[PDB]
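One protein chain, two forms: both are listed below as structure tokens, the first as structure 1 and the second as structure 2.
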Structure 1
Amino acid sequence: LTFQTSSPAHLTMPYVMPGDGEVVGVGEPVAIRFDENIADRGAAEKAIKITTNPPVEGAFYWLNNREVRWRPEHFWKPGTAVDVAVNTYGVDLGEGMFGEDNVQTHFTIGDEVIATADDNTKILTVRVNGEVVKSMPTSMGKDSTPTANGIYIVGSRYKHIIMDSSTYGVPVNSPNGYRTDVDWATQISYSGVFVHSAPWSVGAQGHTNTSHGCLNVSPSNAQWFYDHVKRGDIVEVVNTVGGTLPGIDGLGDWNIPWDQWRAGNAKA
């Protein structure tokens, strides 16, 4: 143990996800987010030791200047134990910025839970370890505001949340603007896509797309999703008229092809 002297305005703290001791889904990447921009990505990666059991090949990819992710080529095998040692204390992270402390977390992978939202059938089907446990009618984004296709990682969940168009730069008082109370909302993208309760589209669920891009389901089905789907589980959207979710979204990691992810984006 060696003390690292510091100087105000030249320290950055790492924050690691998922939580210590947590059980997460098969899509959960290791995430290390710093409270400052990181100039020397190579130094940061060198200081982070991720080990797995059973062992699988994984690699780092930076979503932006603040946050690096680590994942394998394919979804985790259930039961896998993951250990994360962020040994950044005193590490020069570039441009006079030094790691403020170390962090050490461990987590495990739970059941394989993959929910497929098929735009052609307008059914969201939840499969746990391969078996269908739930089929829910859904209404996705209308043609002018479609839901993006791709693999989404399940994030946070809310019993209630406010959808306010003003955080998207759109005044509430201008159709395309809105201030919506929503129950049972499960986040699937940082950009703001959720699976949530939508009593106002129950007639369209299973039939037509009427949403702004979110996956509208019934109140009971949304609560079910809130109760039974956890961080790191997967929602795959297929067959919409939209494009693909950006790989750097925050929950879109799996949309980046393995060869690109593995090659990384730290200087050679």
Structure 2
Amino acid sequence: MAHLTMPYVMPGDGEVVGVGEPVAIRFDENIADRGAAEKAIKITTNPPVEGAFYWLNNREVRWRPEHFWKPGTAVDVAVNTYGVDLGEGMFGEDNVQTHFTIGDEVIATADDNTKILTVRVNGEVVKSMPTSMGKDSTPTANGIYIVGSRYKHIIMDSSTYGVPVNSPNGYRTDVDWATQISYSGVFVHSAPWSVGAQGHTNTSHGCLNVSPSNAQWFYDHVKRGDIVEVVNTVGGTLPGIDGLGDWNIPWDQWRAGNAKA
């Protein structure tokens, strides 16, 4: 009996995504030969751009260029793992493909010195939103965050992130208009309870609190792969292997890869 593993490729076939979206290939088993996996994945872009592979964990590899994508780029991915030994006799269960395109450049910068989140679309300021980020004891990390999933309404529960709800930094919070920007649990979301503090004082556990209307706007206009950059906070840097932290790894290190470690 064969040992098989199924690949899953993102983003979605035909999706339009932002300039920060990486190609993601996740397998349902640990990959013992990361080099075989990389060799089996073919990527074509138009206009052509150099890119490289980097593993976030034993099951998931990412591919991106050095710089954010050029708007209008079309990308084809073929994960040709059928017939490929991905290490220790674990074979690809199937081949998978995605074709996607890059939309407008959307980069929203949150500067702790001004407490404003400024959304720029192809270089042009379209919104200036007062924000309240993580208070000093639970700060928002600096760095480049890739926009992920969005929810009209959800609960953020700190136990998802290893912090008990009953503990001083714990929370179990209903939020409207929530756009996820890290797997570590940073979201841009509606925070009617911090509208006074927004633009002046950090009060959150690390999320970018903005007004109800600004969060709904963000929910409506920003898409997976668009960019939030956080600067000047008292936090550290979002980890490169967060899940949405890919761009915080310097290109030389990204390009060198981690196929053999």
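Just so we're on the same page, rigid core means the largest C-alpha set that superposes within 1.5 Å between forms. Residue numbering: structure 1 sequence, from 1. Residues that one form lacks are left out of the comparison.
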| property | result |
| --- | --- |
| Residue showing a 2 Å-or-more C-alpha displacement between the two structures once the rigid core is overlaid, selected from 173, 102, 129, 145 | 173 |
| Angstrom shift of the Cα atom of residue 91 between the two structures (superposition on rigid core) | 1.0 |
| Mobile segments between the two structures - rigid core superposition, Cα shift of 2 Å or more, 3+ residues | 165-178 |
